[PDB]
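Okay, so we've got a single protein chain in two different forms coming up as structure tokens, structure 1 first and structure 2 after it.
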Structure 1
């Protein structure tokens, strides 16, 4: 019942197969037998497809596979056996897969990878995923023997009971290691074994409240780790300080991320300057998303973080209930160039303290997207302290109408006012602008002369008339989809002499011929410039298809 295309890609997915279909051929390049009910794979089921490159067997109900089932798949590059019922793995399955690049064994109920190294013959392996949520409980030294370099290694071990020291040490290089660990018990041992190989370590769902640092029993070496991320972790202010002590081993770390974590303030954590980490090495990017701090009144005089972020260039603290960045802290972020405080609780009065006289000295880009700002004039006035600011994003803030006169940072060339509920644009917006986004608002027209404007985004508004071409003599990009445009003045787009891209779709274009002639002809001569396709109101026919005699 399977169907193959002309390139040997065959689909046998979501059938009710209870066994590998018979009559497979050497012409098959890809076989998808996922979501079936193939309980057993025998000695000869896959012997005929010797040229197979891709074999997907996800979520079928495989519980038994004969040891030599893959003997003729010497050209196989992708094998997905994830989410099946394999409670035991056999080294025999992989012995003949010399061309294998991707192997997914995750989601099967085995407790360990077995007593025999499974991957020594997989010399070309690039991606390996293993483990499960409830049963994988031990990682052994023999587990990764034979593997030298991997682009991605994912180990799901939420129920881990034991990690044999040095298990991960035999791997020479790992570009991205993803570890699902529920407890911090083996973190020091694991960390010690990946110091020479891992370039990006990602730790998921780890409760690190009990984590405590101790120098590692390993020889000194230059670690290639550049990125470290924690996803869904639980920390205490004390354990966080302990984690920072690991930085001494990863001197090239440049980026750190904390997503969906929770930080608990002990309330007794009174560390001396001796045990407190105040240096952050070469970390230049810090990204925090959805951080939950239960009781902030349980933290001490957090001034150590001031010396911690002095060299950081990019900081993101998104959707974490931030309502204030104290002035003294802002003054210490001397190297900061990009600051994103999207989806927080910032209001003008507190932003005024956050952006005090010498705050964020080097700042070039400030994102205050989804906050509680109400006045564009007051916001611009407050930000005059940021002398080097060139880009400002205040989108998704509910602003009252803007006035005719406003003060803004002198170098500001980018301003995002998308989704701010504005009904009119006034001269509050400066002529220094090169990029303006006023999309998703309630605008009925646009008449602002912005001589240096290179990009205008005004999609999702209520314009019934295209803004005058003379308003943007050097415009490169115009986005005006989803408005209420029915026509355009003859020759208008040819007057946008620098135009490179334009979005005109989702508008009720009137394709009656003694009117749509110019637009249809322009679209035919400028297909490269159009993004999306303008369609006629009613028929839904592409505007370009219309030809007026």
Structure 2
């Protein structure tokens, strides 16, 4: 039964069970939030008082009818959120007076269309439109987006699109990021043609692409702005690849493809037209696949029908998709590949030995095999010798057996991430060449390791009673060595760390006894710059940058 507020002017009337817009509103209010109530009705005078309001958040209340002129006096309002209400239909009158509006979210309302009069023509300041719904938004007409020339974010949620009039999205000159939700492919070809010259990033959501057929577009030779293409929750078949790949012929400038929580009801039996395979995926440098569900993942094909298509790509991500082998021939065909991220898969040295064959991944500089099932650092590093250009490896989140004294690694490996790796000792396995080492979140009792070049040394969340000798790394730049078991570090330790420029010590059971905590106490002060995280005194909570001693 209470509306609050704050000094700035940010009133918060959230889940107080209202049946009407809170009585008495002030011209001091800059941001009103009346979400999640039963404001079934907004009336003529309900919002005349707060004429200086920049933000009106009415999300998911119970709003089913809003008088036409409800918003007339809100002429400074830039953020309007009516999502998730029972607006059975929309009025052209609500938005006319809001010449200051930048953001307007209308999704979540049971309207069938956007009504018979353009809603947005007089909104020269609009940057973000969100319309549509899951179960009833069914038509898209050419009037619907008249008067809109540019938008940062357009989000049409049209899962139930029964009909899309030709050329609806074409009048819009520039769209920075269009998010479409279609349940099936019936209109994708038609809409894709309308956004060839406007959209800069297309995100397609929740689409059954199972039986998607391509065919040449009516459109004229228009150079497309589109640089990113992303499929969120799509169902795809091996056929879909063959057709979808044909779309890139219209978006020559494209440089990134992404597939998110997508299902592939297939096995990689791709047969790409030959025109497309000569193109080598155009200007697409980066390909990203996350959580691709493949029902019979184990029956997956050679994937050799695309070995030529991908000779030019530079960054590939295939995360949490049950990858268990990148066939050697594939690897040798990924000539131009610089970044490879195979996190959260099924790689084991046995497969990795094939996937990194003698001629594999020639340009690879970064390998990421986090959260796979590796169990021997010696076997791993030795397999990877095939990678001559490898300069940074991440085999973290892999429950390794104890590393030995003698290992080999890529002679240019400057970055090794062994975090969360279960280890409890560090031997001379780790190569001297290492400029960055991350051995945090483990069971290390002592880091006692000569690594000259070593700049950074992330080694937090450990059981380290004692701090490492400052000779072990003469050119050191950083040392994240928090959440540890440090009682107190020897006075005169950052002497030969004439290089250290940032440090971590927080969350640590120390010992702030005036007779002993001399050095630390005053060094942390001289260079408060070189330091993030505030050291907690054991039992006091008082910072170590505090009181010094005579």
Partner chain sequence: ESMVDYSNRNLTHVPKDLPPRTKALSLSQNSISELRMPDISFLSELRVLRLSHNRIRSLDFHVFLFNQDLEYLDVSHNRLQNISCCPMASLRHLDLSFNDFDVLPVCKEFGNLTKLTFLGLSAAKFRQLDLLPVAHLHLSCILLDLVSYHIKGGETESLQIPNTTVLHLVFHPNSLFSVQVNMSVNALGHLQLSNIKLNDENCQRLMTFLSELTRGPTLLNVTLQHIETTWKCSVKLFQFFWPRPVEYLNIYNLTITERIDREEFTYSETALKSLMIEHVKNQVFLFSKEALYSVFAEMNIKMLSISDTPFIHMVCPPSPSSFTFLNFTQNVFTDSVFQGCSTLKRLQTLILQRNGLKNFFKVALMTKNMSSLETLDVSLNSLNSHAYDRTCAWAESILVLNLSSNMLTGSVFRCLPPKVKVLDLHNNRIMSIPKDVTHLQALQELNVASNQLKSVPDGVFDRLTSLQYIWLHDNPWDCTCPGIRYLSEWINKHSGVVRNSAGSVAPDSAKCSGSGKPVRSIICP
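Residue numbers count along the first chain shown, from 1. Definition used throughout: the rigid core is the maximal C-alpha set that superposes within 1.5 Å between two forms.
The second of the two standalone chains is derived from the form deposited with its partner chain bound. Comparing the two forms between structures 1 and 2 on the rigid core, the single residue of 331, 88, 365, 278 with a CA shift of 2 Å or greater is 278. Core-aligned CA deviation for residue 215 between structures 1 and 2: less than 2 Å. Superposition on the rigid core between structures 1 and 2 places the CA atom of residue 303 2 Å or more away from its counterpart.
With the core superposed, residue 268 shows a C-alpha displacement of at least 2 Å between structures 1 and 2. Core-aligned Cα shift between structures 1 and 2 at residue 287: this is 0.3 Å.
Aligning the rigid core between structures 1 and 2 leaves the CA of residue 420 offset by 1.3 Å.
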